[PDB]
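When we count neighbours, we look across all protein chains shown, and the Cβ atoms used for this are built from the backbone with ideal geometry, even at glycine. Only the coordinates and a few stated rules stand behind these numbers; no lab work does.
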Amino acid sequence: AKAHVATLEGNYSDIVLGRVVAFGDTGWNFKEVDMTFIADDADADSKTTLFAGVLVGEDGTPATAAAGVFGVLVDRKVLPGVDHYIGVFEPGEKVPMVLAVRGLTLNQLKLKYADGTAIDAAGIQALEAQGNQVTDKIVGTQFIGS
Amino acid sequence: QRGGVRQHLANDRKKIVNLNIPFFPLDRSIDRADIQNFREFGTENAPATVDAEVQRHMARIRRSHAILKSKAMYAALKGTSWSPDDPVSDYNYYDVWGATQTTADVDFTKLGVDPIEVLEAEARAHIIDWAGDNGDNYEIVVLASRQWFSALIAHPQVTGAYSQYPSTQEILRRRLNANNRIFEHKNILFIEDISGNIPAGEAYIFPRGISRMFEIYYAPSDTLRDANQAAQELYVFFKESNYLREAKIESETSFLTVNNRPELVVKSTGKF
Amino acid sequence: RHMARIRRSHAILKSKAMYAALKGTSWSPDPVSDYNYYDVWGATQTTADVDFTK
Amino acid sequence: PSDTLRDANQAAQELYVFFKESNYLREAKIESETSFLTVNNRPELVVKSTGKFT
């Protein structure tokens, strides 16, 4: 007797805790990269594995170690709760995406590699080379009590 | 330190769920043969009238509906909805909300161990830790079956405590009218179920208060004029045939009782 | 001059979008908004072929 | 709506234009944004016509 349930976790403004607002423009911090949305083999049914907060390389391929780290995926099309894209893309279809690179404050608890592993020291210093304040001074990491 | 990096607040969670609603009809009809040539029962020679019978049947219908509502209210505490003979709305709230029953088994045969200290350690601690903030004046209440209560009171470790409790007339002031017994000790209220809705040898604990922990949802009746208009507590329709030979009475009500926080209810059982 | 350039660019973009819409397709020089209205509505396109040679 | 925080999920306009001054009397910038889709709701009454010439 299923009781259908839907859920979400996190926002856009919890992976990016703050910006540096370049007066001269608004696109200073970001870079636009092109990636494959739906898996290369899965049918046109699978919600892709691009949860916001994954680390991607310079050419858009998802990161796997500290070596291939360039930016943090923050595109609106993969934010939690944004799930009306299921059949809109064919397998292997390749779409632009947005990465945040420069002058940003980053939550250390959200950053992950493509597999799911949490970011490590090597990845932290790699990102922090771009001028990103990777910080772990977050309040809210324990829910309700239990 | 003054000048260094600051802190942030970056947590949240949400859920959403949908449920159905059951349906409960009830109807009666009255013929000519029921009223004509008869007296009214408590008036000797006065002739029978249709209005008296109609009013009596309306009273019976309302009483039955009230009994049904009272029965359905208890099912919420157990953690399941009330809808007999229709496996389409029988929902188990614990799995629906992804929670599990915390079980506090009490052994009444262990004379050397205080029963109401096992509850204090297991159930009341957890119900308060998981209670959550913003809850004002929530009093822990224990509802138990008659056998469980009788076993508890007779336990030697609690005979001394009970013998000194008044247990005379307070039931009329701590509550308003039920005749079931009351026992209050160690900041816990114990009550005996009198309607038999609690299985023998079982007891349940809930915190009371906590606004919006239990709710009742209502849906319209199966009638063309209000198929999507609004809901009401209880519909009553009275129709008298256009040919002056029969009359009909119908009642309608559909509702579902919801337990929003199954995590906060503790189920207890014991030996005897 | 900058305002004039921006206004003219927007006007030409609007005109090109209108022209692309008339043909029966969207105008997004991105895949997220690419549509073929015939496919979307599931219809058929009539063809009034003319042979001026005859 | 424009992507600015002023009108997020608030309303829509044909063309947004902004002008900025640094308040330090040393720089300025010009902004403009638009967001629209051109739709032919009835892809049934538009008929192609191709012509063979000579």
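Annotations for the structure displayed:
- Restricting region D:1-38 to residues that are over 19 Å from C:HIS2 (Cβ atoms) and within 7 Å of another protein chain (Cβ to nearest Cβ) leaves a set whose member that is surrounded by the fewest Cβ atoms within 10 Å (Cβ to Cβ) is D:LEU37.
- Complete set of residues in region B:113-126 that are loosely packed, with under 14 Cβ neighbours inside 10 Å and either in a loop (DSSP other than H, G, I, E, B) or within 14 Å of chain A (Cβ to nearest Cβ) (or both): B:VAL113, B:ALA125
- Selection within region C:25-39 - at the interface with chain D (Cβ under 8 Å from one of its Cβ atoms) and either β-branched (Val, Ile, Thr) or under 14 Å from D:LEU37 (Cβ atoms) (or both): C:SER26, C:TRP27, C:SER33, C:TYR37
- In the set B:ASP129, B:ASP95, B:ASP107, only one residue is surrounded by fewer than 18 Cβ atoms within 10 Å (Cβ to Cβ), among the acidic types (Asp, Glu), touching a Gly at 6+ places or on another chain (Cβ under 7 Å) and farther than 20 Å from B:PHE183 by Cα; that residue is B:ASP129.
- Residues within region A:1-18 that are farther than 24 Å from A:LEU106 by Cα, more than 7 Å from every other protein chain (Cβ to nearest Cβ) and surrounded by 13 or more Cβ atoms within 10 Å (Cβ to Cβ), tallied: 0
- Every residue from region B:148-159 that is out of contact with any helix residue (DSSP H, G or I) (no Cβ under 9 Å at 6 or more places or on another chain) and within 24 Å of B:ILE127 (Cα to Cα): B:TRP148, B:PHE149
- Among residues of region A:56-82 being of a type in the set (A, V, I, L, M, F, W, C) and touching a strand residue (DSSP E or B) at 6+ places or on another chain (Cβ under 6 Å), the one that is surrounded by the most Cβ atoms within 10 Å (Cβ to Cβ) is A:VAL72.
- Just one residue in the set A:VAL134, A:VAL95 is in contact with a helix residue (DSSP H, G or I) (Cβ under 7 Å, 6 or more places away or on another chain), more than 15 Å from A:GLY53 (Cβ to Cβ) and of a type in the set (A, V, I, L, M); that residue is A:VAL95.
- The selection criterion, being over 30 Å from B:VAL113 (Cα atoms) and loosely packed, with under 13 Cβ neighbours inside 10 Å, does not hold for B:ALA231.
- Residue-level check: of (1) closer than 25 Å to B:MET213 by Cβ; (2) surrounded by 12 or more Cβ atoms within 10 Å (Cβ to Cβ), B:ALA151 misses just (1).
Each row is one residue, and each column tells you yes or no for (1) outside any loop (DSSP other than H, G, I, E, B); (2) closer than 24 Å to B:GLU120 by Cα; (3) touching a strand residue (DSSP E or B) at 6+ places or on another chain (Cβ under 9 Å).
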{"site": "B:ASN180", "(1), (2), (3)": "no, yes, yes"}
{"site": "B:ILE198", "(1), (2), (3)": "no, yes, yes"}
{"site": "B:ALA203", "(1), (2), (3)": "yes, yes, yes"}
{"site": "B:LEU244", "(1), (2), (3)": "no, no, no"}
{"site": "B:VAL258", "(1), (2), (3)": "yes, no, yes"}
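- The strands (runs of 3 or more DSSP E) located wholly in region A:70-146 that include 3 or more residues which are within 14 Å of chain B (Cβ to nearest Cβ) occupy A:104-107, A:133-135.
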